[PDB]
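Take the sequence shown: its position 130, counted from the start at 1, is 130 in the deposited numbering, and no numbers get skipped.
Built from N, CA and C at the ideal position, the CB exists for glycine as well.
Quick notes on the structure that follows.
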Amino acid sequence: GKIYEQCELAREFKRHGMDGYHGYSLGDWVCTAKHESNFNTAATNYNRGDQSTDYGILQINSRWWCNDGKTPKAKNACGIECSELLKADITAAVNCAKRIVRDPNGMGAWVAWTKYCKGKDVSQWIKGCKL
């Protein structure tokens, strides 16, 4: 895996048109990744409540979104192996994030976005980054 530089991640999000995607900004996405994974693709989190695990830089869940082969009542809506979300390349995570965000909840799917980023000045996350 890899730990992204803050501005490196912003540039990757922009590369993928996350930039204004469904009304959300680069700052929103970078703010979320900070709070979810500390910018680390190797990040994982176990959830006792439903035996699921959150994977990678946007902490994508094994119940609904990716397949990890070990979660009960799983759906794999993104059509991706969770383990691939742990590698340095974040395109799969981004593609899946675009799918998630299209649901009615939007970026609300990330509780950490609503807590730390929603309705705040998120432009500081990208200030000084050359984009």
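Going along the chain, which residues of its own chain have a beta-carbon closer than 7 Å to the beta-carbon of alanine 112, five neighbours each way excluded? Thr32, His35 and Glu36
Looking at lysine 70 and the ligand MN, is the gap between the Cβ and the nearest heavy atom below 6 Å? By its list of ligands, the structure shown contains no ligand whatsoever, and the ligand MN lies outside what it can speak to.
When burial is assigned at 16 or more other CB atoms within 10 Å of the CB, is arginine 48 buried or exposed? exposed
Rank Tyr21, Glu5 and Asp121 by C-alpha distance to the C-alpha of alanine 97 and give the top, closest one. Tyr21
Based on the DSSP secondary-structure assignment, which residues constitute the bridge partners of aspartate 54? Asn45 and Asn61
Would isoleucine 90 and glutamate 8 be called neighbours here (beta carbons separated by less than 7 Å)? no
My output table needs one value for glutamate 81: the three-state DSSP class, helix, strand or coil. strand
Name the DSSP beta bridge partners of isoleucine 3, please? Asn40
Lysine 130 lies in the alpha helix (DSSP H); which residues open and close that run? Segment: none, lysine 130 is in no alpha helix (DSSP H) and carries neither H nor E.
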